[PDB]
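S.K.: Here you go, one structure.
Residue numbers (PDB author numbering), protein chains in the order written: chain C, 247 to 295; chain B, 296 to 344.
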């Protein structure tokens, strides 16, 4: 029994059991898309300047 | 008036009255009178302030 994947995983993952899953593997990057409606854009003079 | 200065707070060339100009003046008498733009550059909302 060469040690578990809990202790040997690259990027510092955190292997768990009941769903087989890894946690918090610091690798890659998430891109994001924001479809923002036009109602949220407050005008200039309703904010300090 | 005497020594009046005009700055543009909001400026958006929208179809409605989408621009705010705050005229910083210094008046000899305190009384209402009429503002106007001679050109077709801007169309003012109110006739007097």
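Backbone N, C-alpha and C define an ideal beta-carbon position, used for all residues, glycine too.
Give the secondary structure of residue 254 of chain C by DSSP, where H, G and I count as helix, E and B as strand, and everything else as coil.
M.R.: DSSP places residue 254 of chain C in helix when its eight states are reduced to three.
S.K.: To the nearest angstrom, report how far apart residue 296 of chain B and residue 328 of chain B are at their CA atoms.
M.R.: Each residue's alpha carbon lies about 11 Å from the other.
S.K.: Looking at residue 343 of chain B and residue 330 of chain B, is the spacing between their C-beta atoms short of 8 Å?
M.R.: Yes, they are a contact pair.
S.K.: Just verifying my parser: in three-state terms, what is the DSSP assignment at residue 339 of chain B?
M.R.: In the structure shown, residue 339 of chain B sits in coil (DSSP, three-state: anything other than H, G, I, E or B).
S.K.: May I have the straight-line CA-CA distance separating residue 279 of chain C from residue 248 of chain C, to the nearest angstrom?
M.R.: Roughly 43 Å between the two C-alpha positions.
S.K.: Report the option in B:316, B:323, B:311 whose CA atom is closest to the CA atom of residue 298 of chain B.
M.R.: It is B:323 whose Cα lies nearest to the Cα of residue 298 of chain B.
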